[PDB]
2 protein chains.
Amino acid sequence: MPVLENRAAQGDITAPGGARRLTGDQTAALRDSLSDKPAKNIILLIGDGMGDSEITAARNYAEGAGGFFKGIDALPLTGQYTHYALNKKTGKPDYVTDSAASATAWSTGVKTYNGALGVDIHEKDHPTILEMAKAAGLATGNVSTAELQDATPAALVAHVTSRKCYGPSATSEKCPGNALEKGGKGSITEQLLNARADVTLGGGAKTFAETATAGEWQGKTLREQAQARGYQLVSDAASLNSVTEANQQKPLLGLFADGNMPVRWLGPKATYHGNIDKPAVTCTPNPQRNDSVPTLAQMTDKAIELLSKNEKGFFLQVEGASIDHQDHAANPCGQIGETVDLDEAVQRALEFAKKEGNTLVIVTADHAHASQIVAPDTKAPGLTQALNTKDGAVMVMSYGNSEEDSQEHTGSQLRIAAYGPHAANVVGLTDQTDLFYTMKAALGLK
Amino acid sequence: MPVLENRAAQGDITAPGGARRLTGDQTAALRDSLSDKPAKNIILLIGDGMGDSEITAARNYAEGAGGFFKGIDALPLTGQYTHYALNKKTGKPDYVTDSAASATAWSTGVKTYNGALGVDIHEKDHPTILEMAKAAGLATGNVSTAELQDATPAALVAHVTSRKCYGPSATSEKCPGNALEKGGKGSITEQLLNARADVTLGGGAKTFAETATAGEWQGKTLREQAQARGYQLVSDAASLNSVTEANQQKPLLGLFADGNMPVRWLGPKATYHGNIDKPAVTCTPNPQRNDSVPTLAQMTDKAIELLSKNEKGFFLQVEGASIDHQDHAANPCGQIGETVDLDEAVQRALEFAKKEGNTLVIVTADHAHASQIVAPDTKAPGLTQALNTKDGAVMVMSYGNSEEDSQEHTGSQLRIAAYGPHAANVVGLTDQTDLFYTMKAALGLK
Ligand SMILES: [Zn+2]
Ligand SMILES: [Zn+2]
Ligand SMILES: [Zn+2]
Ligand SMILES: [Zn+2]
Ligand SMILES: [Zn+2]
Ligand SMILES: [Zn+2]
């Protein structure tokens with residue numbers, strides 16, 4: 001099963017045939033990529049808000065228009081999928097989803113309302129792909145650059161009526177029925193601690209400083225509860241590197257930041273008439289990203305090393321979280337850097353898959369976002385910025401869908417790409433809930 | 001070779017599994033869709049400005065979020081392709097392309113500057129896929145809802161340094177070197193006349209009222225030159241229907257409007273804070289579309305009947321032109337109606353292909369556009385409108401990338417789907433110039 005080794009423009013883009021990405025007919029290669037044999041493992045990579053527009057701008061900047069992302073662009077079976085949510089009250093489609101409703105969609109197979117995690121419009125809990133893979137005996141991993149209580153990773157292990165029910169204090173007032181003192185399953189963090197995935201890595205240390213208001217570990221911080229429950233706590237790249245085993249008896253929990261892990265590149269925020277008024281921007285590496293802070297490609301490599309020891313197989317969800325945050329912030333360099341960062345993790349995932357032979361790799365996003373690539377001389381109503389690209393040319397990016405402080409998500413259908421046994425199930429048009437079923441069946445969970 | 005018969009949400013979208021579009025594993029279906037046998041014919045369908053956002057908005061409105069377009073969404077091999085142009089002066093990538101440079105890309109296989117038609121950055125002509133198909137003996141058709149001098153169809157038969165060189169008067173001043181009086185190949189219209197495709201249908205009658213300034217048919221209108229050269233002039237549905245043969249000896253030319261043919265649906269234009277201030281819009285059929293004016297689906301069906309008489313095979317380009325115009329106009333209803341209109345033609349195309357068996361069908365767009373699907377309560381800086389969808393819910397559309405009168409194109413990569421011999425070549429990441437080589441080889445033109 002081939003991986004697209006190189007789809008970069010093959011020559012001089014100004015000459016006939018120079019911009020071509022193919023060098024020959026693909027039928028045979030595509031035939032060699034179809035396989036319905038079972039999947040022993042599944043690695044799902046999610047770019048938060050990484051729609052086709054985000055992928056194209058990132059590619060233009062970092063690799064040039066005719067460039068190729070060795071990770072993101074290498075998956076050979078591609079398609080487009082819909083990710084609309086539901087109105088809680090009416091049950092009708094809500095065309096633009098938040099991150100919680102979409103995450104719940106691919107993780108349980110049921111559409112839901114914006115802000116909901118692991119429940120339906122009736123607020124009924126539904127098993128997640130993670131809980132099921134675990135029940136079946138497979139190893140499970142949940143890695144992300146966001147705080148672990150954010151929607152994308154929270155959706156694999158918590159079922160709360162509202163995404164804001166981070167820890168005890170927010171839950172008591174936002175999710176009274178999920179609150180431990182009120183007899184419910186608990187806040188997002190407490191639920192994460194009960195779900196016990198073998199590997200969980202990300203930020204969000206802050207909430208672990210809260211104290212249970214009821215239950216066995218009442219009055220102890222959730223950090224104390226974790227240690228007390230047998231979790232291997234780790235907080236830097238070195239200690240993370242030390243880890244040699246991770247399992248149900250010795251579950252690993254890496255908290256690498258109080259909130260979201262640091263962003264990879266720095267740049268100014270887009271502004272009104274920024275491409276006209278201000279000069280072009282060249283992104284700069286964030287000197288605070290640190291070598292004591294593991295990178296997403298590092299977190300992924302470790303998770304795969306550890307989870308692969310399980311003879312039974314594994315399920316791993318990896319997330320490039322800050323792409324969505326930076327898009328909301330109208331900051332091109334931060335947005336693009338997190339896309340580059342995500343590509344590195346995709347490469348470490350394909351390398352394993354390629355060798356292993358029974359791994360389904362999937363790369364996609366939860367919903368589309370605000371940014372659009374527009375002409376250099378555009379005079380737009382919103383925020384824009386000109387960037388000096390790898391090609392030595394100027395690219396102008398525009399965020400114009402909100403007057404509020406945050407740019408908004410958008411409803412367009414977007415790319416889904418896969419590699420391995422059962423990747424055929426992402427080709428053509430599909431729905432995000434379909435991804436739950438594809439994964440459920442590829443793994444043969446019943 | 002299967003066509004996706006139904007990818008609509010399978011049931012109650014509020015229940016588990018109800019929003020699924022798949023009913024089973026697709027590996028076997030995808031295997032039956034791969035063929036490298038030669039293509040006898042090729043039907044290329046272009047949605048001008050039809051990016052994934054345009055397709056999604058149109059589906060939500062006309063079919064509902066869980067709907068399915070029987071034409072547009074039924075192609076089983078899909079992918080994404082890049083369509084960046086080149087800076088004439090520098091040779092560097094220009095991230096946002098106009099319709100001239102993109103059209104030249106798939107029709108000649110060479111990247112070029114915005115505004116160019118059938119020439120490279122050096123202003124050198126290059127043969128078009130149509131000129132080649134013709135030289136090879138295949139029948140050729142060029143259909144569109146735009147004026148025939150517009151970029152998308154102009155590109156198959158003209159080579160001018162600027163797309164504005166419609167007829168004699170414009171050429172003399174905009175393209176002195178292409179000017180007939182100055183010894184060049186002639187204006188877009190004159191060149192169309194010389195190209196002599198078997199079937200050419202669309203609008204743009206206005207320019208044929210000009211008179212050559214030189215050459216054999218000097219001082220005659222281009223209309224007179226057409227009749228004099230043996231073209232079958234037709235201008236309404238009925239006369240179009242009467243046509244029983246179309247060939248090199250009796251080439252057919254249908255001019256159904258002075259400019260662009262009429263748009264299918266009417267609605268007001270988006271406005272500032274339109275979704276907040278104004279009530280929701282329900283699109284209304286244009287009572288001037290007329291039954292004497294053949295629809296795109298009809299123009300397509302006729303073109304297929306006539307061109308299929310050629311034992312050798314044929315090449316046909318079909319274009320839903322007004323999607324792009326309505327998007328520039330910030331008119332949701334117009335933009336959506338031409339996408340539905342395009343779907344009708346795609347169905348006519350798949351039906352023929354499905355029975356015939358040696359036909360490569362490709363549906364894609366030249367570039368992405370401005371429109372985005374945003375939350376109902378969005379407070380945006382540009383133009384917005386709320387529409388009442390088929391789901392009985394409200395969808396808000398937003399155009400926010402220009403302060404000028406026209407909304408601008410965008411650079412995002414977009415969908416490309418195919419069906420038939422050689423469709424594998426559109427899967428994964430490709431470039432618009434690759435579509436020229438795919439068609440060239442599928443037809444075996446050398
Ligand atoms: Zn999100
Ligand atoms: Zn997220
Ligand atoms: Zn977001
Ligand atoms: Zn166009
Ligand atoms: Zn056009
Ligand atoms: Zn346009």
Side-chain angles (χ1 to χ4, degrees), chain A residues 45-51 54 83 96-104 106-107 114-115 117 142-156 163 202-204 260-261 296 317-330 335 338 342 364-371 399 401-402 406-410, chain B residues 46-51 54 83 85 96-106 114-115 117 144-146 150-155 163 319-328 335 338 364-370 374-375 406-411 414 432:
Chain A
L45 301 291
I46 298 280
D48 210 305
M50 189 186 80
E54 281 74 23
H83 40 80
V96 187
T97 190
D98 81 325
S99 313
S102 45
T104 286
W106 75 70
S107 64
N114 287 337
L117 278 185
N142 183 8
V143 176
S144 169
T145 58
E147 50 207 337
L148 291 164
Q149 297 77 19
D150 202 27
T152 317
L156 295 166
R163 64 181 291 159
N260 302 308
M261 299 176 61
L296 189 56
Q317 174 177 278
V318 180
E319 183 210 8
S322 296
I323 299 183
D324 172 271
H325 301 113
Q326 299 298 139
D327 219 308
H328 283 282
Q335 182 190 132
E338 304 303 273
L342 175 56
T364 189
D366 53 345
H367 55 63
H369 225 300
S371 67
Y399 302 78
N401 74 4
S402 182
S406 178
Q407 299 313 282
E408 296 182 32
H409 297 180
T410 60
Chain B
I46 304 287
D48 208 311
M50 195 182 76
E54 286 75 19
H83 39 83
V96 187
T97 190
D98 81 334
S99 319
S102 44
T104 294
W106 75 70
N114 284 343
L117 280 183
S144 169
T145 59
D150 199 26
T152 316
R163 55 135 102 216
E319 185 207 6
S322 296
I323 305 190
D324 176 82
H325 300 119
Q326 295 307 125
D327 216 312
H328 281 289
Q335 178 195 124
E338 311 299 280
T364 182
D366 53 347
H367 57 69
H369 225 288
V374 302
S406 185
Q407 296 316 282
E408 297 182 39
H409 293 182
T410 56
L414 51 88
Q432 202 159 49

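Order of listing sets the numbers, starting from 1, for every ligand and every atom in it. Here is how names work: the chains are called A, B, and so on, in the same order as the sequence lines, proteins then strands, and each is numbered from 1.
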inquiry  = Using modelled atom types and a 3.5 Å cut-off, is there a donor and acceptor pairing between side-chain atoms of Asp327(A) and backbone atoms of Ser371(A)?
reply    = yes

ask   = What is the ring orientation for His367(A) with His409(A), classed by angle as parallel under 30°, tilted 30 to 60°, or perpendicular over 60°?
value = parallel

ask   = For the side chain of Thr104(A) and the backbone of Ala101(A), is there at least one donor-acceptor N/O pair under 3.5 Å apart?
value = no

message = What is the name of the N/O/S atom of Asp366(B) that is nearest to the Zn ion (ligand 4)?
response = OD2

task = Mind listing the protein N/O/S atoms less than 2.8 Å away from the Zn ion (ligand 3)? Waters don't count.
result = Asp324(A) OD1, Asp324(A) OD2, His328(A) NE2, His409(A) NE2

note = Hits for side chain to side chain contact (heavy atoms under 4.5 Å, CB included) against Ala321(A), two or more places apart or cross-chain, chain-then-number order -> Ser144(A), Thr145(A), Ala146(A), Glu319(A), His325(A)

task = Using modelled atom types only, decide if a donor and an acceptor are shared between the side chain of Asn114(B) and the backbone of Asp98(B) within a distance under 3.5 Å.
result = yes

task = Please check if any side-chain donor atom of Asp324(B) sits under 3.5 Å from a side-chain acceptor atom of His369(B), or the reverse.
result = yes

remark   = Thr152(A) OG1 to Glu319(A) OE2 via the Zn ion (ligand 2), rounded to 10°, gives 90°

ask   = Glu338(A) side chain to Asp48(A) main-chain N or O, any donor-acceptor pair under 3.5 Å?
value = no

